[PDB]
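Note sheet for the following structure.
All Cβ positions, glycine included, derive from the backbone under ideal geometry; neighbour counts span all protein chains shown. Values quoted throughout were computed directly from the atomic coordinates according to the rules given, and no laboratory measurement underlies them.
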Amino acid sequence: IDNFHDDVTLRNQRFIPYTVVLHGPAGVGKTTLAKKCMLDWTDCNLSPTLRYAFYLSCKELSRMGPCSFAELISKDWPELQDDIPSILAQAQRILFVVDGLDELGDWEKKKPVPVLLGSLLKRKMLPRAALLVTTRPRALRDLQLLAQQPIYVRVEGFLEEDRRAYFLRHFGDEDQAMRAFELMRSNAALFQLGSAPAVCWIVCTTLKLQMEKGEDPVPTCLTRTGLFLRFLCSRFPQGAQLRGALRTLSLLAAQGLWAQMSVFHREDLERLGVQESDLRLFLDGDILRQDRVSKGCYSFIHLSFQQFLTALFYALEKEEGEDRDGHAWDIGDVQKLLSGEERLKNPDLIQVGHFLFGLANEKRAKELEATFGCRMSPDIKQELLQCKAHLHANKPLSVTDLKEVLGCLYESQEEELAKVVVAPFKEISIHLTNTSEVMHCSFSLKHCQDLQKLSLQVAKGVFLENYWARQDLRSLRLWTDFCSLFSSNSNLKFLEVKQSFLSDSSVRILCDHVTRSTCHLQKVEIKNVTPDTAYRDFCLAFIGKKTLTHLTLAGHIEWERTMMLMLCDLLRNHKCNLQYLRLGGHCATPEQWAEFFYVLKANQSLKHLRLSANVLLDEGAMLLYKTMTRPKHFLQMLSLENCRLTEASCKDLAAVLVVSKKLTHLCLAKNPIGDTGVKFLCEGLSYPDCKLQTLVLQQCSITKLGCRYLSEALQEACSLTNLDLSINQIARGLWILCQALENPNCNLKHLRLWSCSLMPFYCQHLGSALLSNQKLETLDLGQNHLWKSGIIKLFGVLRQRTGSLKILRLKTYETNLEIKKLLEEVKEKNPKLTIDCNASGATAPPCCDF
Amino acid sequence: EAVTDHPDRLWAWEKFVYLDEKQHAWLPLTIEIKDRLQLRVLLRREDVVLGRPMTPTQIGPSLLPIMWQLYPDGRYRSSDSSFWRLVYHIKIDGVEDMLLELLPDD
Amino acid sequence: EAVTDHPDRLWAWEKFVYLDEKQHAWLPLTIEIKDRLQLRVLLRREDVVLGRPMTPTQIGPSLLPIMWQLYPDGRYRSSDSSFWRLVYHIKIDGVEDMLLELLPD
């Protein structure tokens, strides 16, 4: 109704030789926009510069035979042909509009209509006019090859406010209108399709009819198929049992959808044997709408109704010998319909898929047969599962695929159909965005039994901000129903939550369900969750879990005393079975850290300990080291990644290394400790009783003096076997480490020099060392400039002997013949040596293993 | 007089001093023991000055937990993983009182 | 009536059960607290079957100690070196009861 389409078109028009293209989904009202622009031109509303405008429609021009453009445009206005030359003498004052492209030089030269349209679209005739094109996104491809430097404009259609206004207009009564609007909006999928005015018309008519009859509308809006089915049942006379008419309509809709055509002429209806008498019922029932501008045209009420009728065709029973008809129908089959390539080629079958799933129910078939008297094919339940390979990929399904499958299964509304499909799932990922998704997941996933992993995430807007009460209550109820997976499934063994905008009540419900004794979790992770009480509550809930053996916490937090209490009690307990603990972004004072490290002394199960991104200020670090010097500590691994460290504390670290008897790993990545710190540590390593076996110094800002210190330390009979250097460069001192490797007392097995800024001149040292050493078993070179000359020299040198080296990594180009020959020779003479030639990867080896 | 509101937390600011989520002070009066597996503790409300917050090392071992918390169904979870049940919560002479029990471990 | 006798020493046998040199079973029934330095506990003598000695590690931390000692002048020594006092020891209707107290340093 007026005052709304005008409201939309007024703002749409302002976004606009110029070439303008309009594109949007069907039913959004592009033709109304173009007609409004033309009317504004006629009414002098627009600028006076627009003196003439012409209307061209592919809906009609697709049939008229060859002629001249002047005659073509003057066909509808014969009186203007005398003025056509004068009008076209002012090309700069002319506006051209092409409506419905997808439905498809001399103005006085006769030519075919396609040629004329291509020439005008190419600006070969009347170049300085203005063009305006309306098309669906499906046919947008050709305009790219035809148009020159166009501009694209998008339409959107109604909004929530306009939907409410339309409902108020139609119902009239405030109570009825608002009740209906609420019932509709409760369904997100049906709400989205409400942008098109026709869909809102259908919904309002159906709900109003049901209300006037005193019927319950709740089941009607539960799913699309129920609503459309009810409307269709409520648009034909009783007692007729028009089986033939229903079959005819289904076939016609199917043909139309397959051929990608949106309009039909009387000739097309005649071709299919549609008796014109039936058009009375088809029209007066509002299934078909006759165009009142160009007589002899017809179209369906809206795209979704056409899709629904298409589905009704496929589920309808097929008669014997129907392949013998006199026409070769453009109809596929179920397997072709459900194929992915057909989906990509023709994006309009996706919705037919959902509707077909919805028609697999038994009650709907019963009601449809009773109302009309048709007969329903019973093999759909098996035909749908014959495409079950789409689901049995043997790999976890991506998020979008899982959403699609769950939506279809919910449409089906039959659990026996869901069981056979969701039985084999083994890993899952979820990304909730609104209530409907929560409801679908709850309905479907309760039947899983072998599920083993799960990754969760909640988007903003699902749970209302912390302070409407009923709106949040519905979400809370559905959340409580959804959180029963953890309690029921006793095979789940890994969880993860990340980047979720939760609220206190939801977190409390989740923890209540996680604390029961039917859950057997073994790993957990929390990352960037809000609000900030979530971390405290989770630390409280995971105390005493017999099975738990890993745990992670990350984000931005400040240590409130309550959090300190909980995070110390989590280790004080006697049921504790933890084996790995990580912390991130935790800021606290030295007193809290002191008491925490005091609590650690009693724990007798922890083995790892990570402190990435936490601030120690070096005072917590010195406290930690002074705690470890005691003779009864139990930690084995330890990592202080990026904790604001310097050379001040390294002396206590050396003391720990010399005195300790349990420490056997370490890591200090991302800390500019400095060559003095390296010197202190090396003084530590020299002691006979050192037991450290691994060490990591990735990106620690060390210079050649540190390399000399490392070589001097390694020259003795130490116990080190693994050493990892990267980012920090050892190029100038590389010969020092090569000399160290030459020493018989070395015991290194691995060595990483990823991105150490090395020059080809130094390949000689590495070659000699590798040819000499007896214990090295892996070397890692990357991001170096030795790609060509270094490859040549290293391969030549290593061709002489078969060293113990097993895995060697470096970056190469396999396009060179000489390098290929050298590599082949080396491989032949050293078949036990694997060489990685694709070290171009820009991801460094992390500290997870170490 | 019955009360329909319950506290959602009880920190331990000092030994025998608990503060709910509205910074009001609760003080424990007596502890009841009927047998090995039955323990019932009695909490009372009173306003008193607060000293420095004793830290966990200073608190030392105790029979009561460090922090309670309300869970749906109307049950508290202490900090030792055991569940405590709500017995009654009444007002007399303007004085708040509460009684809690220790349920057998599941 | 008041009874002069009293256990010389007390040892914990199970969770919330003690034994004296006579091996009588003394159990705690109620604990009354007025403040940190003022703590009271009640004891009663009952006959019950003793299980295996629950070693202190299994008993776990508790407000009560593992051992209680008695000295003249109303002086009691606990395992944690704290001092306690006896208020009354009486027998009424066949049940023997004892009350302890805590004395500020």
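The table below gives the values:
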{"quantity": "Listed peptides A:270-282, B:9-21 by packing density, highest first (mean Cβ within 10 Å)", "calculated": "B:9-21, A:270-282"}
{"quantity": "Under 21 Å from the Cα of B:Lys91 - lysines, other chains or at least 8 residues apart", "calculated": "B:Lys22"}
{"quantity": "Two-decimal ratio, region A:721-850, of alpha-carbon radius of gyration to 2.2 N^0.38 Å", "calculated": "1.00"}
{"quantity": "Sequence-distant residues sharing a close amide H with A:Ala53 (under 5 Å, placed H)", "calculated": "A:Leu95"}
{"quantity": "Calculated diffusion of the protein assembly as shown, Stokes-Einstein form, Kirkwood radius summed over Cα pairs, 25 °C and 0.890 mPa s, µm²/s", "calculated": "65 µm²/s"}
{"quantity": "Which of A:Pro831, A:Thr220, A:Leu193, positive extreme of dipole for the protein assembly as shown (C-beta unit charges)", "calculated": "A:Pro831"}
{"quantity": "Per-peptide average of other Cβ atoms within 10 Å, ordering A:391-398, A:133-140 highest first", "calculated": "A:133-140, A:391-398"}
{"quantity": "Label zone at A:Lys345 (point 7 Å along Cα-to-Cβ), backbone N below 20 Å, region A:140-179", "calculated": "A:140-142"}
{"quantity": "Modelled FRET efficiency - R0 45 Å, A:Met64 with A:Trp468, Cβ distances, 0.05 increments", "calculated": "0.15"}
{"quantity": "Dipole magnitude (debye, nearest 20) for the protein assembly as shown, charges at Cβ of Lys, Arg, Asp, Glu", "calculated": "3780 debye"}
{"quantity": "For region B:11-98, size of Cβ-based charge dipole, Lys and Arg +1, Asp and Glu -1, in debye", "calculated": "220 debye"}
{"quantity": "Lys pairs, region A:721-850 - Cα-Cα below 13 angstrom, 8 or more residues apart or on other chains", "calculated": "8"}
{"quantity": "Cβ-derived FRET efficiency at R0 22 Å, A:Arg51 paired with A:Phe15, nearest 0.05", "calculated": "0.40"}
{"quantity": "Peptide C:32-38, shielding by other chains (average Cβ, 10 Å cutoff)", "calculated": "3"}
{"quantity": "Alpha-carbon radius of gyration plus Dmax, which is the widest Cα pair, for region A:22-146 in Å", "calculated": "14.4, 40"}
{"quantity": "DSSP beta bridges in the protein assembly as shown [antiparallel fraction, %, rounded to 5]", "calculated": "60 percent"}
{"quantity": "Over region A:159-222 - Rg/Rh using Cα atoms and the Kirkwood inverse-distance radius", "calculated": "0.92"}
{"quantity": "Tail weight of P(r) past 17 Å, computed on alpha-carbon pairs of region B:11-98, percent", "calculated": "54 percent"}
{"quantity": "HN-Hα J in Hz across region A:90-104 - Karplus 6.51, -1.76, 1.60, θ = phi - 60°, x for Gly and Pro", "calculated": "10, 3, 6, 10, 10, 10, 10, 10, 10, 10, x, 5, 4, 7, 3"}
{"quantity": "Cβ-derived FRET efficiency at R0 56 Å, B:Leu50 paired with C:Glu96, nearest 0.05", "calculated": "0.85"}
{"quantity": "Of all DSSP beta bridges in region A:721-850, antiparallel share, percent nearest 5", "calculated": "5 percent"}
{"quantity": "A:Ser234 paired with A:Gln260, simple spin-label distance in nm, labels 7 Å along Cα-to-beta-carbon", "calculated": "3.7 nm"}
{"quantity": "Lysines whose Cα lies under 18 Å from that of A:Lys419, excluding same-chain neighbours fewer than 8 positions away", "calculated": "A:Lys381, A:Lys388, A:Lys403, A:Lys446"}
{"quantity": "Karplus-derived HN-Hα couplings along region A:666-674 (A = 6.51, B = -1.76, C = 1.60, θ = phi - 60°), whole Hz, x at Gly and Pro", "calculated": "6, 7, 9, 4, 6, 7, x, 4, x"}
{"quantity": "Residue-averaged [θ]222 nm for the protein assembly as shown, counting only DSSP H segments that reach four residues, each worth -39500 (n - 2.57)", "calculated": "-10000 deg cm²/dmol"}
{"quantity": "Shielding by other protein chains, B:69-76, mean Cβ within 10 Å", "calculated": "3"}
{"quantity": "Spin-label pair B:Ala2/A:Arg138, simplified geometry with 7 Å Cα→Cβ offset, distance in nm", "calculated": "6.6 nm"}
